[PDB]
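*Asks:* Protein sequence lines, in the order shown, are assigned to chains E and A. Just so we're on the same page, PDB author numbering is the position in the first sequence counted from 1, plus 2006. In terms of PDB author numbering, the second sequence is residues 312 to 714, 718 to 748, 761 to 1028. All C-beta atoms in this analysis are idealised placements derived from N, C-alpha and C, irrespective of residue type, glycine included.
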Amino acid sequence: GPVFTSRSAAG
Amino acid sequence: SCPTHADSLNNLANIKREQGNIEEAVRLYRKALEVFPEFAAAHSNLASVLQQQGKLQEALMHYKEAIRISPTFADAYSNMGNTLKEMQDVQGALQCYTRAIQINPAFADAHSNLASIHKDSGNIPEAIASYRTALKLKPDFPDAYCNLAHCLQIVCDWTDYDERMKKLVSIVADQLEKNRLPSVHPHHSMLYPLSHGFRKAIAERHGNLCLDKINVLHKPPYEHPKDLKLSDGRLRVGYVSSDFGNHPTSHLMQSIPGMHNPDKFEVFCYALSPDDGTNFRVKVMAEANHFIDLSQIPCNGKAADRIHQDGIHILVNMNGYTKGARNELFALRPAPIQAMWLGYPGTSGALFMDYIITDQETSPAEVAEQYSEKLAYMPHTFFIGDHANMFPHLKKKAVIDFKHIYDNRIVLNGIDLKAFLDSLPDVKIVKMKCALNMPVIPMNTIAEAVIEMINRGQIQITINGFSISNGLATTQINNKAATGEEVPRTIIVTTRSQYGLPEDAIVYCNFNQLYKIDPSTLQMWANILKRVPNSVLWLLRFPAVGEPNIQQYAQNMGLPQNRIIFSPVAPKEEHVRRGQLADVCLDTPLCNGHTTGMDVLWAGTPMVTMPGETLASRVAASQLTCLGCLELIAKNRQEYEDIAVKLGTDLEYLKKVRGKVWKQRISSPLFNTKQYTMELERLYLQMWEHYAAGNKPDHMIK
Ligand SMILES: CC(=O)N[C@@H]1[C@@H](O)[C@H](O)[C@@H](CO)S[C@@H]1OP(=O)(O)OP(=O)(O)OC[C@H]1O[C@@H](n2ccc(=O)[nH]c2=O)[C@H](O)[C@@H]1O
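This is the structure in structure tokens:
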């Protein structure tokens, strides 16, 4: 289905 | 009433911000606004520092004011936007950015900000478009340039790659010296050819961004325990993560809190995210000695206090600079000892973090340079995975014969496999020499009924009352099993024909996100493919728009379309299971498969790697040496290609190595979470003994 990746923080 | 007075006050505050002395700057702005209340620029400056202070609440109100006074202030719209974004109000932020661009078509920053929203949503071609617009409008724009660079990376647009890279380094190098916040995100810094010196320095700066947000709270240092007496002989470990839920982190370590020894350890888990209601969250809540939902204590002040009251000795950061992180907690130093672990694959570069849990192979002593923390070594690998517990149905396989006898063309797994096989007339049992073996179903009427289901694309069938399931339809049979939250209760058939893979070919795979590939990595693979005549490369549409791009660069290296095959992304369980179909896995040397590494290895699929110099490029090596397969580790590009080719051309050698992986995933320490937990415990105690004897943090190499 959709994936759960490691996502990066906000800058 | 005086604007001339107010004006110079503003200039004087602008000066205190230069010298970094923020709290004075604020006092001046406030006076400037008290002398002349209708002063646009002051409201705007006051706002942009309150934002820096994490006081978004108030900062927004001042931006609003500036806009009210001076409505042609495109710059204020853009910054108000940033504020709304940080307040989790995307829509509102977006309205600002658009509103600004309308007011000033020629205003660069708003275009860049707009592209950043697009990026966060996964809209990449839309993001690229807007970044390019911004760079046309203002050609020297580090922030936009670097963000663009990362998108291009994400979809594998390698146009002008070497220039791009040289220019990135050149941009960081400048920003570091000029003493500003670098445009490259720390989590990305690992993808580009910067010095290790630079990578660390970038991390440093983002560490400091925290300190600013906490000086506002004016908290006295905390009083840490010096003995285990109030905690009753037990050491108190706190795991802090935004990822107790359906997230890789949980897929690795969910069993660990449960496995700690309660005589010596008291386990506290601090969730930074709300309950998504998945079993991963359920299990951790049920097994940790104490589960604390910090997603409902948004003030970093009270959150820190809470940790301190719980009386934690060792606080473990599993986020670093990932999404959901709240490193402000760590910056407040509520625990005497604070370590990085598992979640983030780089140095934090920050003062408040004492150790980083890693290992000999991932971080050998010479490269201590590149970490701000002190190394703490696990005996084998610092990596771990729950596969043993999550996917026991893949502990054993069985194949159907259709022809030669192949271990990976049509595969069956299931908890009740043995029982089904015994219901069958004619089952031949291929020995795997040097207790182990793989049963083989011969091509009778039953086998045919199974291919039938597969070819026709049906959901499932019944055979002697056993339930048989199509590997592609798990999600409809039982959604919880497809995600990894349950173990499947049926028998699952997995075939190459399902993914349009040649029945009679050597299959090299890589299941990582495409951003991890660069032109050398691809060249390298092209080489391998040419030398192994009858073979394919199996990749994922991750994301899909990257496919057309790779296809291109492959054609330029002389490879027909036929030679690379793309499958769609799949639910965890299917993803793990279908690795059984490959022959070998080629690992991206720029940045290794981490979770992905464990996933192929669990499938029993050998993986070739070339360890680089960053932590992120050294992990697969570390996983492999722990498994005990030193002959899959290349010293250079040439050697990597040779290992891959040998494996593709020498079918005897392959079978030997494949078989060696299939055994060692059970027998080695790699997938053994109990043993892992215990080493982690030994390690914790060392860290404490050392601090208890009154010492500052220092390296731990046994
Ligand atoms: C470089 C980097 O950030 N590394 C991180 C590590 O440092 C962290 O310790 C890991 C745990 O926090 S996360 C991360 O590890 P990576 O291996 O890069 O995984 P990434 O973040 O791309 O997504 C992998 C997921 O996609 C899943 N995946 C993949 C294909 C598929 O079809 N289905 C699927 O679920 C995979 O099964 C996984 O479930």
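1) Pick helix, strand or coil for A/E474, following the three-state DSSP scheme.
2) CB of A/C917 to nearest heavy atom of ligand 1: below 7 Å?
3) Tell me whether A/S359 is buried or exposed, calling it buried when 16 or more other Cβ atoms sit within 10 Å of its Cβ.
4) So what's A/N390 in DSSP terms, helix, strand or just coil?
5) Output the residue ranges of the beta strand (DSSP E) runs that lie fully inside the segment 557-582 of chain A and measure 3 residues or longer, sorted by chain position.
6) So, does the segment 450-460 of chain A touch the segment 473-493 of chain A, judging by three or more C-beta pairs under 8 Å?
7) To the nearest angstrom, how far is it from the Cα of A/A445 to the Cα of A/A870?
8) With distances taken from CA atoms, which of A/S381, A/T394, A/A351 is nearest A/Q362?
9) Beta carbon of A/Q839: closer than 7 Å to some heavy atom of ligand 1?
10) Roughly how many angstroms lie between the CA atoms of A/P453 and A/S606, to the nearest whole one?
11) Excluding five sequence neighbours on each side, which residues of the same chain lie with their C-beta closer than 8 Å to the C-beta of A/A514?
12) Threshold first: 4 residues or longer. Then list the alpha helix (DSSP H) segments lying entirely within the segment 643-710 of chain A, N to C.
13) So which residues of chain E does A/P559 contact, with C-beta pairs closer than 8 Å?
14) Closer than 8 Å between beta carbons: that is the criterion. Which residues of the segment 457-489 of chain A meet it against chain E?
15) Starting from A/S552, trace the beta strand (DSSP E) both ways and give me its first and last residue.
16) Who are the Cβ neighbours of A/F418 in its own chain at under 7 Å, not counting the five residues just before and after it?
17) Please report the residue range of the alpha helix (DSSP H) in which A/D844 lies.
18) Leaving out five residues on either side along the sequence, give the residues of the same chain with a beta carbon under 7 Å from the beta carbon of A/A352.
19) In the DSSP assignment, find the alpha helix (DSSP H) that holds A/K342 and state where it starts and stops.
20) Which term fits A/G930, buried or exposed, when burial requires 16 or more other beta carbons within 10 angstroms of its beta carbon?
21) Can you find a CB in chain E that lies within less than 8 Å of the CB of A/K366?
22) Is there a Cβ from chain E that is less than 8 Å from the Cβ of A/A353?
23) Answer with buried or exposed for A/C748, where buried requires no fewer than 16 other C-beta atoms within 10 angstroms of its C-beta.
24) For A/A642, which residues from the same chain have a beta carbon less than 7 Å from its beta carbon, with the 5 sequence-adjacent residues on both sides left out?
25) Ignoring anything shorter than 3 residues, give me the beta strand (DSSP E) runs that lie fully in the segment 885-928 of chain A, in order along the chain.
26) With a threshold of 7 Å on Cβ separation, who are the neighbours of A/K708 within its own chain once the five nearest residues in sequence on each side are excluded?
27) Relative to chain E, which residues along the segment 838-865 of chain A have a C-beta separation below 7 Å, given in chain order?
28) Determine the closest residue to A/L546 out of A/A1018, A/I743, A/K1022, A/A946, with distance taken between C-alpha atoms.
29) Consider the C-beta atom of A/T560 and the heavy atoms of ligand 1; say whether any pair is separated by less than 7 Å.
30) Would you call E/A2016 buried or exposed, if buried means 16 or more other Cβ atoms sit within 10 Å of its Cβ?
31) Please confirm whether A/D730 and A/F792 have their CB atoms less than 8 Å apart.
32) Please decide whether A/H498 counts as near chain E, where near means a Cβ-Cβ distance under 8 Å.
33) Just checking A/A896 against ligand 1 - is the residue's beta carbon closer than 7 Å to any of the ligand's heavy atoms?
*Replies:* Taking the coordinates as given:
1) Residue numbering aside, residue 474 of chain A sits at position 163 when the second sequence is read from its first letter. Of the three classes helix, strand and coil, the one that applies to A/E474 here is helix, per DSSP.
2) Here residue 917 of chain A refers to the residue found at position 591 of the second sequence. The closest heavy atom of ligand 1 lies less than 7 Å from the beta carbon of A/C917.
3) Start at 1 with the first residue of the second sequence, and residue 359 of chain A comes out as number 48. Here A/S359 is buried, its C-beta having at least 16 other C-beta atoms within 10 Å.
4) Counting from one through the second sequence, the residue named residue 390 of chain A turns up at place 79. Three-state result, A/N390: helix.
5) Entirely contained in the segment 557-582 of chain A, the beta strand (DSSP E) runs reaching 3 residues are, in chain order, 576-582.
6) Under the 8 Å Cβ criterion, the segment 450-460 of chain A counts as touching the segment 473-493 of chain A, having at least three qualifying pairs.
7) To locate residue 445 of chain A, count along the second sequence from 1; it is residue 134. To locate residue 870 of chain A, count along the second sequence from 1; it is residue 544. Distance between the alpha carbons of A/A445 and A/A870 is about 25 Å.
8) Stepping through the second sequence from its first residue, residue 362 of chain A is reached at position 51. The shortest Cα separation from A/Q362 among A/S381, A/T394, A/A351 belongs to A/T394.
9) Position 513 of the second sequence, counting from 1, holds the residue named residue 839 of chain A. Answer for A/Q839: yes, Cβ within range of ligand 1.
10) Mapped onto the second sequence, residue 453 of chain A falls at position 142. Mapped onto the second sequence, residue 606 of chain A falls at position 295. Taking the straight line joining both Cα atoms gives about 34 Å.
11) In the second sequence, the residue the question calls residue 514 of chain A occupies position 203. If we look at A/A514 and ignore the five residues flanking it on each side, its Cβ neighbours are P497, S500, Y632, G657, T658, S659, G660, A661, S683.
12) Restricting attention to alpha helix (DSSP H) runs no shorter than 4 residues, the segment 643-710 of chain A encloses them at 698-701, ordered along the chain.
13) Sequence index remark: in the second sequence, residue 559 of chain A carries index 248 (1-based). Listed along chain E are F2010, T2011, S2012, each with a C-beta nearer than 8 Å to that of A/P559.
14) None of the residues of the segment 457-489 of chain A has a beta carbon lying less than 8 Å from any beta carbon of chain E.
15) Position 241 of the second sequence, counting from 1, holds the residue named residue 552 of chain A. For A/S552, the uninterrupted beta strand (DSSP E) segment begins and ends at 546-552.
16) Position 107 of the second sequence, counted from the first residue, corresponds to residue 418 of chain A. The answer, listed in chain order, is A385, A411, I412.
17) Your numbering for residue 844 of chain A matches position 518 in the second sequence. Counting along the chain, A/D844 falls outside any alpha helix (DSSP H), and DSSP gives it neither H nor E.
18) What you label residue 352 of chain A is simply residue 41 of the second sequence in a count that begins at 1. Excluding positions up to five away in sequence, the list reads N321.
19) Translated into positions along the second sequence, residue 342 of chain A becomes position 31. Start and end: 333-346.
20) Residue 930 of chain A sits at position 604 when you count from the first residue of the second sequence. Counting Cβ neighbours within 10 Å, A/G930 comes out buried, since at least 16 surround it.
21) Indexing the second sequence from 1 puts residue 366 of chain A at position 55. No, because no Cβ of chain E sits closer than 8 Å to the Cβ of A/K366.
22) In the second sequence, residue 353 of chain A corresponds to position 42, counting from 1. Not one chain E Cβ lies under 8 Å of A/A353.
23) Within the second sequence, numbered from 1, the residue matching residue 748 of chain A stands at position 434. Answer is exposed; the Cβ neighbour count stays below 16.
24) Here residue 642 of chain A refers to the residue found at position 331 when the second sequence is read from its first residue. Counting only Cβ-Cβ distances below 7 Å, and skipping sequence neighbours, we find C521, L522, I525, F663.
25) Runs of the beta strand (DSSP E) inside the segment 885-928 of chain A: 890-893, 910-912.
26) Locating residue 708 of chain A in the second sequence gives position 397, where the first residue counts as 1. Taken in chain order, the residues that qualify are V725, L726, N727, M764, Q906.
27) Cβ contacts with chain E come from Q839.
28) To locate residue 546 of chain A, count along the second sequence from 1; it is residue 235. It is A/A1018.
29) Within the second sequence, numbered from 1, the residue matching residue 560 of chain A stands at position 249. Under cutoff, so the answer is yes.
30) Along the first sequence, read from residue 1 onward, the residue named residue 2016 of chain E stands at position 10. The residue in question, E/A2016, is exposed, as its Cβ has fewer than 16 Cβ neighbours within 10 Å.
31) Against the second sequence, residue 730 of chain A aligns to sequence position 416. Against the second sequence, residue 792 of chain A aligns to sequence position 466. Cβ atoms of A/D730 and A/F792: closer than 8 Å.
32) Along the second sequence, one-based indexing puts residue 498 of chain A at 187. Yes - at least one Cβ of chain E is within 8 Å of the one on A/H498.
33) Indexing the second sequence from 1 puts residue 896 of chain A at position 570. Yes, the Cβ of A/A896 comes within 7 Å of a heavy atom of ligand 1.
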